[PDB]
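Working notes, structure below.
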Ligand SMILES: [Cl-]
Ligand SMILES: [Cl-]
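Chains as they are written, first to last, in our numbering: chain A, 1 to 55; chain B, 1001 to 1061; chain C, 2001 to 2181; chain D, 3001 to 3171.
Here is the structure:
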């Protein structure tokens, strides 16, 4: 009869799994975005160093 | 019914494993973000300093 | 003396029944309130879809969904923790030591889960300030105030509802047990 | 008097099952020797990495190993129940359970992918730190553990079933 408590536990761990999954998603998107920005900036400053290099 | 009990127990095991693995993955992800952020910062420091050494030359000529 | 006791029982029953009635009325009024806050939420969502780029909007909807889920999680979890806590408290002395140890273990795992959920609350608040800062630029100040009021009202209102539901349930239980006599 | 025919048919069948069950038990014992030896070897590898490796990279290593058991056992329990419900075809409430089960299976597949990634990373970091012999010990250890838990669980399921039918028939 007390299994409904176990069901409650299952619901809890469900919430856990979902929230941690969503967090992992936002993290992966965050790394791809940030990496892209870094690539952009380093490319820019590299280009400045190139324009200066031709001198 | 006992099959319902056991089945639910197995389900709990499953979602437990899920939550744990997602947690460890999130941790390794944060540590990885800090590492790459730091190393990249180092790289831009180097590159900017080399561009500075290159820049000081043009001043003379 | 028996008369005094019986009439006392009747008095208590009537009082508790009154409390149950008022609490039910409160359930209806509070439900009207949840409806209204939901409509305000739909409005805010409509306004943001227009101004917000797809990524911003996905982070928004993801945010609110995670809010509801987080709140319900903390309430169910704190619920089981409270139940196990009162069970350990009123548990009879002696009986079995292995039972006391198993219940203590439940207390441990639940408290750890509570800490994890705490960290999750922190991260979710981080998300909230992120969406707040991004949306502050896009939308007006009045609609923004309506938005903030809505978001806070969703969580606080959900909790109020669940706590009230617990109280009414308990009162109904003691009432039933008392009437069986 | 074909009742005799049926009875002897039973007796023969039960005898067979008893034999096969014995074979499975002995094989399980040998597998137990294997798990113990491999576990001690694991402790050794952990010590060598403790000495040679860095605390951080070591922490990612411990993360990897800890996650391994959970991933494998997860796929075994999941595949198990999935086979239980698929075979359960042999009032439609089950269809939804099947759906959530397959979705969980795909998610678990993604988790396996990430774990394999981490395997490649730990392999790369450890190839430089350790000797070729100790490296062989590490790779051998990890793969041995992963496959070994699977073998153990498969056998345990098989024997448990055999005992189930033996007892059920024997009254
Ligand atoms: Cl947890
Ligand atoms: Cl899932």
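In this text, a Cβ means the ideal position worked out from N, Cα and C, and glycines have one as well.
{"query": "C-beta atoms of residue 3067 of chain D and residue 1021 of chain B nearer than 7 Å", "result": "yes"}
{"query": "Short Cβ contact (7 Å threshold) for residue 3188 of chain D with residue 3141 of chain D", "result": "Nothing can be reported for residue 3188 of chain D, as the shown portion of chain D is limited to 3001 through 3171."}
{"query": "C-alpha distance - residue 2042 of chain C paired with residue 2146 of chain C, whole-angstrom precision", "result": "12 Å"}
{"query": "As assigned by DSSP and simplified to three states, the class of residue 2006 of chain C", "result": "helix"}
{"query": "Cβ-Cβ separation, residue 2062 of chain C to residue 22 of chain A (assumed contact under 8 Å), whole Å", "result": "6 Å"}
{"query": "Distance cut-off 6 Å: residue 2107 of chain C Cβ against heavy atoms of ligand 1", "result": "no"}
{"query": "Within-7 Å CB hit, residue 19 of chain A to chain C", "result": "yes"}
{"query": "DSSP three-state assignment for residue 55 of chain A, whether helix, strand or coil", "result": "coil"}
{"query": "Pair within 7 Å by beta-carbon distance, residue 2171 of chain C and residue 2009 of chain C", "result": "no"}
{"query": "Between the CA atoms of residue 2076 of chain C and residue 2082 of chain C - distance to the nearest angstrom", "result": "10 Å"}
{"query": "Supposed contact pair residue 2175 of chain C and residue 2030 of chain C - C-beta distance, whole angstroms, cut 8 Å", "result": "Actually they do not touch by this definition, with Cβ atoms about 21 Å apart."}
{"query": "Proximal residues of chain B, C-beta to C-beta of residue 3077 of chain D below 9 Å", "result": "1010, 1013, 1014, 1017"}
{"query": "Listed by chain order, chain A residues near residue 2080 of chain C by CB distance under 9 Å", "result": "5, 8, 9, 12"}
{"query": "Chain-ordered neighbours of residue 1040 of chain B on chain A, where CB pairs are closer than 7 Å", "result": "38"}
{"query": "Residue 1014 of chain B to residue 3058 of chain D span [Cα, whole Å]", "result": "27 Å"}
{"query": "Residues near residue 2138 of chain C in its chain [Cβ-Cβ closer than 7 Å; skip 5 each side]", "result": "2051, 2052"}
{"query": "Inter-residue CB distance, residue 3028 of chain D and residue 3150 of chain D (contact presumed, cutoff 8 Å)", "result": "Not confirmed; about 14 Å, so no contact."}
{"query": "Exposure label - residue 36 of chain A; buried when at least 16 CB within 10 Å", "result": "exposed"}
{"query": "CB of residue 2084 of chain C within 7 Å of CB of residue 2059 of chain C, strictly", "result": "no"}
{"query": "Sub-7 Å separation of residue 55 of chain A and residue 1058 of chain B beta-carbons", "result": "yes"}
{"query": "8 Å CB neighbourhood of residue 2124 of chain C in its chain, flanking five on each side removed", "result": "2063, 2066, 2067, 2070"}
{"query": "Among D:3139, D:3110, D:3095, D:3112, nearest to residue 3124 of chain D - alpha-carbon criterion", "result": "D:3139"}
{"query": "Neighbouring residues, chain B, relative to residue 29 of chain A (Cβ below 9 Å)", "result": "Under the 9 Å cutoff, chain B gives no residues; its nearest Cβ is about 11 Å from residue 29 of chain A."}
{"query": "First through last residue of the alpha helix (DSSP H) which encompasses residue 2094 of chain C", "result": "Segment: none, residue 2094 of chain C is in no alpha helix (DSSP H) and carries neither H nor E."}
{"query": "Alpha carbon of residue 29 of chain A to alpha carbon of residue 1033 of chain B, nearest angstrom", "result": "12 Å"}
{"query": "By C-beta, the residues closer than 6 Å to any heavy atom of ligand 2, given in chain order", "result": "A:17, B:1018, D:3104, D:3107"}
{"query": "CB contact below 7 Å: residue 3070 of chain D versus chain B", "result": "yes"}
{"query": "Residue 3081 of chain D, buried or exposed, once every other Cβ within 10 Å from all chains shown has been counted against 16", "result": "buried"}
{"query": "Within 9 Å of chain B by C-beta, residues of the region 3106-3125 of chain D in sequence order", "result": "3107, 3108, 3111, 3114, 3115, 3118"}
{"query": "Below-7 Å beta-carbon distance, residue 49 of chain A vs any chain B residue", "result": "yes"}
{"query": "Straight-line gap, residue 3171 of chain D to residue 3025 of chain D (C-alpha atoms, nearest Å)", "result": "22 Å"}
{"query": "Reduced DSSP category for residue 3108 of chain D - H, G, I as helix; E, B as strand; rest coil", "result": "helix"}
{"query": "First through last residue of the alpha helix (DSSP H) which encompasses residue 2171 of chain C", "result": "2141-2180"}
{"query": "Listed by chain order, chain D residues near residue 1028 of chain B by CB distance under 7 Å", "result": "3060, 3063"}
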